[PDB]
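Coordinates in review
The residues making up each chain are set out below.
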Amino acid sequence: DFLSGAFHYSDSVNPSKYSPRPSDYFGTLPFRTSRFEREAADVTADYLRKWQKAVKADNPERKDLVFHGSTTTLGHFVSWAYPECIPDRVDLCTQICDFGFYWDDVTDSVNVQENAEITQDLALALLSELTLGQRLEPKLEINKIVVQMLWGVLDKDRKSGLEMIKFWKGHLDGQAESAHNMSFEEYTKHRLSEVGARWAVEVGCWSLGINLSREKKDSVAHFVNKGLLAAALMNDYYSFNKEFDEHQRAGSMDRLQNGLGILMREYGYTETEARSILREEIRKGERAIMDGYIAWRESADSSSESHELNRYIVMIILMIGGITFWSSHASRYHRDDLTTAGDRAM
Amino acid sequence: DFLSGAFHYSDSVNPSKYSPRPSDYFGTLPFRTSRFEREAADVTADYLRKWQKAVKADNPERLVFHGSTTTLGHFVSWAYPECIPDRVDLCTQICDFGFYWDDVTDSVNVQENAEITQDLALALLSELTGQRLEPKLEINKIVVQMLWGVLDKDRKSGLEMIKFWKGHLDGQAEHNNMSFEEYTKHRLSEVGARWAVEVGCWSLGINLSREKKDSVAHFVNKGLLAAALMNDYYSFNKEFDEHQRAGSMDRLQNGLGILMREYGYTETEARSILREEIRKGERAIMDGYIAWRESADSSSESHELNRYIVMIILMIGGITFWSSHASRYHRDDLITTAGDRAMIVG
Amino acid sequence: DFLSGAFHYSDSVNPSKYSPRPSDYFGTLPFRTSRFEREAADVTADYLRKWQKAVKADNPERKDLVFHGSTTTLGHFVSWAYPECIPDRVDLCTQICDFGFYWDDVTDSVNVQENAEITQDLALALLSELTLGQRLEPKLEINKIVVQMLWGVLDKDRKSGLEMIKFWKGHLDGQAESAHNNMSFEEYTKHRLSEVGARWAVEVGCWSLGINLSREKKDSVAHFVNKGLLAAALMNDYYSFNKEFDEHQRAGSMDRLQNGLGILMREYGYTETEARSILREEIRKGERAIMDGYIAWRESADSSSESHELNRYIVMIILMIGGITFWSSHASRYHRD
Ligand SMILES: CC[N+](CC)(CC)Cc1ccccc1
Ligand SMILES: CC[N+](CC)(CC)Cc1ccccc1
Ligand SMILES: CC[N+](CC)(CC)Cc1ccccc1
Ligand SMILES: [Mg+2]
Ligand SMILES: [Mg+2]
Ligand SMILES: [Mg+2]
Ligand SMILES: [Mg+2]
Ligand SMILES: [Mg+2]
Ligand SMILES: [Mg+2]
Ligand SMILES: [Mg+2]
Ligand SMILES: [Mg+2]
Ligand SMILES: [Mg+2]
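Note that residue numbers begin from 1 in each chain and follow the written sequence, not necessarily the entry's scheme, while residues that lack coordinates are absent from the view. To label them, take the chains in the order written and letter them from A, then take the ligands in the order written and number them from 1. Hydrogens and water are ignored here; the side-chain numbers use all heavy atoms of the structure.

Per the PDB record, this model was obtained through X-ray crystallography at a reported resolution of 2.75 Å.

Looking at the PDB entry, chain C carries the name Sesterbrasiliatriene synthase PbSS, with the source organism given as Penicillium brasilianum. Readers searching the PDB will find this entry under the title "Crystal structures of terpene synthases complexed with a substrate mimic".

In the nomenclature of the PDB entry, chain A is known as Sesterbrasiliatriene synthase PbSS of Penicillium brasilianum.

1. Focus on the overall build of chain A
Selection criterion: Put simply, DSSP H or I for four residues or longer makes a helix, DSSP E for two residues or longer makes a strand, and each gets a number counted from the N terminus. In this description the radius of gyration comes from C-alpha coordinates, and the expected globular size is given by 2.2 Å times residues to the power 0.38. Accessible surface area values rest on a Shrake-Rupley calculation with a 1.4 Å probe, where residue burial reflects the displayed protein chains alone. When charges are counted, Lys and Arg are positive and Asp and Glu negative, with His and the chain ends excluded. By convention, charge coordinates are those of NZ in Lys, CZ in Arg, CG in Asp, or CD in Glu.
For chain A, the count of helices and strands is 16 helices and two strands. Relative to the 2.2 N^0.38 estimate, which gives 20 Å for 346 residues, the radius of gyration of chain A is 19 Å and therefore close to what a compact globule would have. C-alpha extents for chain A along the principal axes are approximately 55 × 50 × 40 Å. A total of about 15700 Å² of accessible surface is found on chain A, and carbon and sulfur atoms cover 50% of it. The averaged location of the 53 negative side-chain charges in chain A is 3 Å from the averaged location of its 41 positive side-chain charges.

2. A word on the environment of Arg251(B)
Residues and elements named next belong to chain B. The test is simple: Contacts are assigned to residue pairs that have any heavy atoms within 4.5 Å of one another.
Examined against the element boundaries, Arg251 turns out to sit in the loop between α11 (217-244) and α12 (255-262). Separated by 59 residues in sequence, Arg251 and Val310 place their C-alpha atoms 35 Å apart. Ignoring sequence-local partners within four residues, the contact set of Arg251 consists of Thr105, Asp106, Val108, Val110 and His243.

3. Observations concerning the site of ligand 1
All names here are of chain A. For the record, the criterion: Proximity is defined per residue: if any heavy atom of the residue lies within 4 Å of a molecule or strand, that residue is considered near it. Grid spacing is 1 Å over the protein atoms alone, the probe is 1.4 Å, and a cavity is where that probe fits but cannot get out, while a pocket is an open set with protein on both sides within 12 Å along at least five of seven lines and lining residues have an atom within 4 Å of a point. The way we define it, a molecule is inside a pocket or cavity when more than half of its atoms are within 2 Å of that pocket's grid points.
In the vicinity of ligand 1, the residues found are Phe77, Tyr82, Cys97, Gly100, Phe101, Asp104, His171, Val195, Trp199 and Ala200. Here ligand 1 has 360 Å² of accessible area as a free molecule, and 87% of this is covered by the chains. Judged by the proximity of its atoms to the pocket grid, ligand 1 belongs to the largest cavity. Contributing elements (two or more residues each) for the shell around ligand 1: α3 (87-105) and α9 (197-208).

4. Let's talk about the interface of chain B and chain C
Definition in use: In short, buried area is how much 1.4 Å probe accessible area vanishes from two parts on joining, totalled over both. Salt bridges, as used here, are contacts in which a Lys or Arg side-chain nitrogen is within 4 Å of a carboxyl oxygen on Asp or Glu. Polar contacts here mean pairs of N or O atoms no more than 3.5 Å apart (in protein, one a potential hydrogen donor and the other a potential acceptor; neighbouring residues in sequence count only if both atoms are side-chain atoms). Residues are grouped as follows: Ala, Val, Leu, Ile, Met, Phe, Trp, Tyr, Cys and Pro are nonpolar; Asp, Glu, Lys and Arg are charged; every other residue, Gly included, is polar.
With 18 residues of chain B at the contact, the number on the chain C side is 15 residues. Regarding the contact of chain B and chain C, the summed buried area is about 1200 Å², with carbon and sulfur atoms giving 41% of it. Linking chain B with chain C are three salt bridges. The partner of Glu37(B) in a salt bridge is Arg38(C), with the nearest N and O atoms 2.5 Å apart. For the interface between chain B and chain C, the tally reads seven residue pairs in polar contact. If you list the elements that add at least two residues to the side of chain B that touches chain C, you get α1 (37-57) and α15 (327-330) of chain B. Here the element with the most residues in the side of chain B that touches chain C is α1(B); it accounts for three residues. When grouped by side-chain class, the residues that make up the side of chain B that touches chain C number three nonpolar, nine polar and six charged.

5. With respect to the coordination of the magnesium ion (ligand 11)
Basically, it comes down to this: Each metal site is built from N, O and S donor atoms within 2.8 Å (3.2 Å for Na, K and Ca), and since water is not included, such sites may look incomplete.
On the protein side, the magnesium ion (ligand 11) has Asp104(C) (OD) and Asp108(C) (OD) as donor atoms, found 2.0 to 2.4 Å from it. Between the magnesium ion (ligand 11) and the magnesium ion (ligand 10), a spacing of 3.9 Å is present, and a bridge between the two is formed by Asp104(C).

6. A word on empty space enclosed by the protein
Residues and elements named next belong to chain A. Operational definition: Grid points are joined across faces, edges and corners, and a volume is the space filled by probe spheres set on the points.
By volume, the largest cavity amounts to about 760 Å³. Secondary-structure elements contributing two or more residues to the lining of the largest cavity are α3, α7 (158-176), α8 (185-194), α9, α11 (221-250), α14 (304-327) and α15 (331-334). Broken down by element, the residue count for the lining of the largest cavity peaks at nine residues, all from α11. Its residues placed into classes, the lining of the largest cavity shows 20 nonpolar, ten polar and eight charged.

7. Considering the packing of α7(A) against α9(A)
Residue and element names in this part refer to chain A. Put simply, the rule is: Where helices are involved, their axes are fitted lines through C-alpha atoms of the stretch in contact, as for all axes, and angles between N-to-C directions lie from 0 to 180°. Orientation categories follow fixed angle ranges, with anything under 35 degrees roughly parallel, anything over 145 roughly antiparallel, 65 to 115 roughly perpendicular, and all other angles oblique. In this scheme the handedness of a crossing depends on how the near helix is turned from the far one: anticlockwise by less than a right angle means left-handed, clockwise means right-handed.
Running from N to C, α7 and α9 cross one another at 165°; their axes reach a closest spacing of 8 Å. Comparing their axes, α9 and α7 come out roughly antiparallel. For the pair α7 and α9, the crossing hand works out as left-handed. Note on element contacts: α9 touches α7 through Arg198, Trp199, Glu202, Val203, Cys205 and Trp206, opposite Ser160, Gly161, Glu163, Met164, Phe167, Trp168, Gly170 and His171. Class assignment of the residues belonging to the contact of α7 with α9 gives a composition of seven nonpolar, four polar and three charged.

8. Observations concerning the site of ligand 2
All names here are of chain B. Within the structure, ligand 2 sits among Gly98, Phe99, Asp102, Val191, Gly192, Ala196 and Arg328. The protein chains hide 87% of the 370 Å² of surface that ligand 2 would expose on its own. For the shell around ligand 2, the leading source of residues is helix α3 (residues 88-103), giving three residues. A class-by-class count of the residues in the shell around ligand 2 yields three nonpolar, two polar and two charged.

As structure tokens, then:
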């Protein structure tokens, strides 16, 4: 490990400090925590009430308004995901992440037709801040909400926020193609475009205040993408149970994105079998971005731009670590209101 | 846009040429102003006294009533611009009696409300059959002279008006946390819009088969719905105040209170929803009217229907402007403020 | 900067909601319109026809009976000046005010000899209501009217009426002194406040609103009230100068013109623009003194019946000045081409 660089807003941490410990954490990357956990959790509690108004307003006949976001019983998605987030950017960071969670929740379980309708309505807002034209307002209350947030982000760092908004619109395109369910190698390629990892990294950039040519960021992708692949397969491992229940409960199994699904269906593996295969791809990826890190850190310049690039890879590594630990116990994936193992082996 | 037909007793007027200009008018429907505003205002002042007499007679151990007159015009003159000039007297009585009766029935308890409802219905049934079963309350006792007056002018039209009045009595005899969808069903039936239409029918002398009037109800009703919501919007402040100092806060049902309770909308978030719903309604009666004119032939059947529809549109037009500045709603003697009505946000 | 208490007969307004808009309004105190303008303008349209018949009775020579009173194209002096005037007192409140106007007209432009004649005469009708014995009646038809009027007033409320009448006679005493205008600005402001009728206006407001407050309690707030009334007089001098100059020229009484603008121009050689600017400043100073003084009084005030009346008293005045100002900014009495 030995993450180079100074940390001004976080402290090194361990699963050991948390109790009760998570049932199945097996990450190999380190992670930290912001000193700003309670502010983040306070913001996630207000944004929920917010979001739930918007959701009720688009569909007043549905009553389940249960959404699982950043706050868990041990900590918070933001505090672990982006430990070096700037204190006055914690708030807006929490809104982005949580909105990302909720928006995902009401778009990746519906029929590709209901998804297209909503995906378009969002892109209107985002494109509104990238072009010189006049604004186009979204029609769904769940997307209207996003406008005031994009202004906040851009008022903190416009250069950073414009680019994060760019890769957000890239995520939108990625999850609009999620209409069928593919080989394994064809799935790993589809899932990196659909998970929101590229957008996740740029939310870190804006969060941390990192200014860095797209060239330099690409100059390290070859291994950083292996790390990012790891986090996706990691998400599939932890979010598979709840995702089954949901796509079964909704009649969308058709479009269900998860490597357990792929490994257990095409290939005839079992849940345990596919799980075992996944645990090891996750290791491989975790190990390649970490290794890619040191390899980079020892043949490198002492330039101002070199120091920033290290800051950007440390931000990525730390984020996979923190979300790995977050994912291991988060309500969003480990809810006891869920289908079973025998039920999903069918 | 275009209202078809000739006008004989009224002139078109701009929310603009009025002085003092109302604070908050946003109606999208046209309205006219009778040329006999003066006459109506005189009747209102005389009927005020008669009502006061009756109301002191009926409760000698206890107020103010805010009827049709405003600093800028008169309810009847706007609500019923084309009222036949010799029917303004009795129309002004009808409306003012409606305004006052509502005050002494929608603020008391179900027990009291029922008794007064009961006693007034005795007066209506009497002229709708049989032996006259006369009213015992001084406040209800006064509609008798009124009714003979109405039927003397026009028996066929006054009876139908009388039928729908009774229907309104049935209306306002019925929940708090119902759904806005369920609230609009109830409120349309309890706001007396159908009665209001038939008062206009009597006023203008409209002879139109019941089956003909129902033919266009599918779009007329959406403008009436708009009007009840528009009423809700202007009367929420005074209505909250009244029920506050009575104890009867749960007694009140109002589109804003329901939006503020169902969803956790603030009053300001609710007035904005209500406004768009009011516009949706105003637009709808107008698009229905246009559709109907595109199909309707040039006979007499069609001439009368056109007057009826144009009558309703103008009625909604004028009451909105009336409603935007009448002391009944914007009286400046409330002990409660925006801060107090924020407490119902849940 | 918010007046407390409940408003029963009036609605807030301001210049923005008015059209056509007055060209030269610079008021800083708030104002309201009564809901009973219809009544007010009806009594005005009737009183006028009944006052020119007494003036023509008094002078059958008299040519023009033009008298610009309480009605304007945007409102009415009473609806604005006395917004909370009890509904059944609006009629009589209008008689009192139009009479005050028309009587001003036929006495404050003639020579002083003619003015005492008319003043001493009306004084007979007042005094006769302030005494229990000696009842003298007026001999002029213009003054004969006030008999029945004072009857209506005293019938609606004796205690308020009587005080109003004292201050009325007090107004007659004051304008009986405006014989010259060779004074300093200091001299003028003290003489004018005594002769502009503001004190009587306040009591007309007390009777119209039915305020029951002791004279000792009204004096605890004179120190700031009076700076508002002074301002209200300079405001009148400001808007009513052009028409006054005109008539005093007309009447050959150019040395009786009571007007701070005149005194700034003639005795200090300011120019209109200069003198108007000076006036606008003094008005704001007064306008702010009453409002600051009331704010400061309200904050240390307790809730007793006596203090709610005092609050009513001060608010009425503040609204009265605010209301009369908007009125003076467009009324025919001063803007009539
Ligand atoms: C919409 C995508 N996402 C990715 C985790 C929900 C699955 C939101 C999100 C983006 C970036 C960081 C955190 C959450
Ligand atoms: C406007 C509705 N209102 C007001 C008091 C009570 C429901 C009676 C009314 C109905 C129809 C015409 C005029 C008045
Ligand atoms: C001179 C008296 N005044 C007012 C200043 C006419 C100019 C009559 C009046 C008295 C009280 C209130 C309103 C008018
Ligand atoms: Mg999902
Ligand atoms: Mg998804
Ligand atoms: Mg998943
Ligand atoms: Mg009602
Ligand atoms: Mg009511
Ligand atoms: Mg209402
Ligand atoms: Mg004068
Ligand atoms: Mg004078
Ligand atoms: Mg003057």
